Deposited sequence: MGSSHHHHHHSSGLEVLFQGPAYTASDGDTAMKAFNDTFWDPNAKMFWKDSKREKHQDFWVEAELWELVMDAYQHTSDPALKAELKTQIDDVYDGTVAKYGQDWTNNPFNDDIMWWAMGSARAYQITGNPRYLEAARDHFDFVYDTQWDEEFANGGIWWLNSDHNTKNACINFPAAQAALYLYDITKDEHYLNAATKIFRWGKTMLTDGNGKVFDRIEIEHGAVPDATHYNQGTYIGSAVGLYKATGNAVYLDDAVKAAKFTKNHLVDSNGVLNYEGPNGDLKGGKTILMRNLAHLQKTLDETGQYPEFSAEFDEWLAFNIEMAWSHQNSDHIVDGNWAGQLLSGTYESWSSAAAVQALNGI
C-alpha cells in the first residue's frame, strides 16, 4: 500500500493532466525541467512495476504514454538539437524502459536513434583516453552524468535487441568510467575537465548510475567483478554521502542535485534485489537492507498531511517535484 499511496499523492500534487507534464513545484506555475521529467517518467514506470493494484496499474500505464506525449508536444520527438548529451541520454534510457513496458514502436526508435546519436558521434578516445562528452556543442568535459547513464541505456537496448553491439558499448563505456571517473573503491567523480583533470566531487545520482550499470553488467556478462564494483560504490554511499546518523544527505541548493536521491534509490534497489536473490555478500546485504529500510522510514516520518516528503530527509510551504520524488521512488523499489 505505501508505494501506491506515495505515487497517488505525488500525482495529485504534481501531475498536470492538461499539459501532460509534472509541475516543477506546488505553486503550479512552471513545468518540470526536461531532463528531470525523464526521471519522473521512470518513477511512473517504477510505480507501474511495483503496484499490485490493477486499477492504479492501468492508470500508471496510460501515464507512461501521456508523459511522453506532453514532452513531445513541448520539445519535439527529435531531441538531438538539445546541446546536453546527458539530457538526450536520460530520455533515451527512459524510452528503452517505456518500450519494454508498452511495446509501442515509437519508444524503441526513440531509444535507439538517440543512443546512437550520442554514442556514435560523442565518444572520443583522445581526451582522457575515452568517454562521452557532456555537450554536443562545446567539447570541454566528460561527465559521470552522461557516461554511466549511457552504459545503462546500452544495457537496456542489449536486453531488448540481443545485439552484442550494445553490450560491447556498455562494457567499453563502463571500463573507461571506472578507470577515469572513480577512485577504484567506489567513489564516483563528477567529471574530467579538459586542461584541468578530474573533479572528484561525488553525488547521489552518479553513485546511482554507476551502481546500476555495474549491476546490469554483472547480470549480462556473468563477471563477478562488476558486482564487486557495485558493492564498493554502495558502501561508499552509505558511509560517505550520509549525515552523522546515516541518513542520505541533502545536496541543495543546486536544483539538479536536490532530487538526486531519486536516481540513487532507483539503482540501490537493483543492487538490493541482486544481493538478496544471489546470496552474494550476505553480511553486507543484511547491513545494506537494514540501512535502506531505516532511510525510508526516516524520510516518510517527515511526510506532510498530503503524504508528500521534502527531499531534506533529516527535516520538515512549497514542495518541489524533484526533491519530493525520492521518497516516492524509495517505496516503489
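Engineer: No C-alpha coordinates means not modelled. Give me those stretches of the deposited sequence in order.
Structural biologist: Absent from the structure are positions 1-25, 342-344, 362.
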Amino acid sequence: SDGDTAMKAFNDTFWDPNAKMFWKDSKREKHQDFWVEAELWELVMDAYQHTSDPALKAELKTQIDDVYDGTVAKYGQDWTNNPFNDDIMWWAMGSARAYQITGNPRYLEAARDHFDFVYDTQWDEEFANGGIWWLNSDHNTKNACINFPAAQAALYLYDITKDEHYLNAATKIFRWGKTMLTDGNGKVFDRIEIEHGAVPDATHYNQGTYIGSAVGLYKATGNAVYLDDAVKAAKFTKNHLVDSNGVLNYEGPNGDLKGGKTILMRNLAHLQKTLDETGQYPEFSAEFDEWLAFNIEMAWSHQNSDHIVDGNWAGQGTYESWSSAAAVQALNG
From here on, numbers count along this sequence of modelled residues.
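We call the rigid core whatever largest set of C-alpha positions still superposes within 1.5 Å between the two forms.
Engineer: Core-aligned, RMS over all structures and residues: is 99-107 or 173-181 the stretch with the greater C-alpha displacement in 4 other deposited structures of this protein?
Structural biologist: Higher average C-alpha offset in 4 other deposited structures of this protein goes to 99-107.
Engineer: Is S323 without coordinates in at least a third of the other compared PDB entries of this protein that model the residues flanking it?
Structural biologist: Comparison shows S323 kept in all of the other entries.
Engineer: Quick one: say whether 35-43 or 49-57 has the higher mean Cα B-factor in the deposited entry.
Structural biologist: For C-alpha atoms only, the mean B-factor is higher in 49-57.
Engineer: Higher mean Cα B-factor in the deposited model: 205-213 or 153-161?
Structural biologist: The stretch with the larger mean CA B-factor is 153-161.
Engineer: Of the options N85, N140, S95, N104, which has the highest CA B factor as deposited?
Structural biologist: When the deposited C-alpha B-factors of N85, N140, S95, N104 are compared, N104 is largest.
Engineer: Choose from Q100, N254, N185, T121 the residue with the greatest Cα B-factor as stated in the PDB record.
Structural biologist: The record points to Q100.
Engineer: Going by the entry, which third of its chain does the Cα temperature factor of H307 land in?
Structural biologist: For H307, the deposited C-alpha B-factor lands in the highest third.
Engineer: If you rank the chain by CA B-factor, which third does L275 end up in: lowest, middle or highest?
Structural biologist: Highest third - that is where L275 ends up once the chain's C-alpha B-factors are sorted.
Engineer: Would you please rank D190 by its C-alpha temperature factor against the other modelled residues of its chain and give the third it falls in: lowest, middle or highest?
Structural biologist: For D190, the deposited C-alpha B-factor lands in the lowest third.
Engineer: State the tercile, meaning the lowest, middle or highest third, of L135 with respect to the CA B-factors recorded for its chain.
Structural biologist: Lowest third, going by the recorded CA B-factors of the chain.
Engineer: Using the temperature factors of the C-alpha atoms in this entry, rank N147 within its chain: lowest, middle or highest third.
Structural biologist: Tercile = lowest for this residue's CA B-factor.
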